[PDB]
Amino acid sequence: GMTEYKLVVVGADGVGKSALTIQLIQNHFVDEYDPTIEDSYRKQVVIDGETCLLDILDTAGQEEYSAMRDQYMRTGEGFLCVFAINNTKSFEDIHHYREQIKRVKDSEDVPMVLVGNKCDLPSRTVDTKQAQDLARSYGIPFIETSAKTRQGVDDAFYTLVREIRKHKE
């Protein structure tokens, strides 16, 4: 059988968690805003000549429900931590998410990828080196994406699978 990878997409709402996920799964761009309750998706892909099964959980960032994030973080194997490059508050929210994933998993070594989305937009407020320095200090990869143009969408999900394999050995 093919190995299954449980990926969880997290971040403040409005950053593009769902748009990135729907691009991966369906290869089109959701222009409308449908703030997420919880959705799960399945896709098989070839990563490094190895077919595997991606199980993707697309989550709610609603702050009212921050203390209910715990069960999905316990079950998830790796995490796409998403912010929008035109929203400094979503970048600041990243720390709170990473801290919470570590605190819930009780481990400093959790597969994660930092994703800066909306890189098609001109109104950027978070420097690339600012996000890179942050990713470096976490010890995780950083990828800029656009769910609209598809830039980096596969790279982000495939790189997280590669982080899960590394952590697994």
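One rule holds for the numbers: they count along the sequence shown, beginning at 1.
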Per the PDB entry, mean CA B-factor is higher for 149-157 or 15-23, namely for 149-157
Of 128-136 vs 29-37, the stretch with the larger average CA B-factor in the entry is 128-136
For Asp48, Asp120, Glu144, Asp58, the deposited C-alpha B-factor is largest at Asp48
For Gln100, the third of its chain by CA B-factor is the highest
Chain-relative C-alpha B factor for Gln62 (record values, thirds): the middle
Entry-reported C-alpha B-factor of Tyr72 relative to its chain, by third, is highest
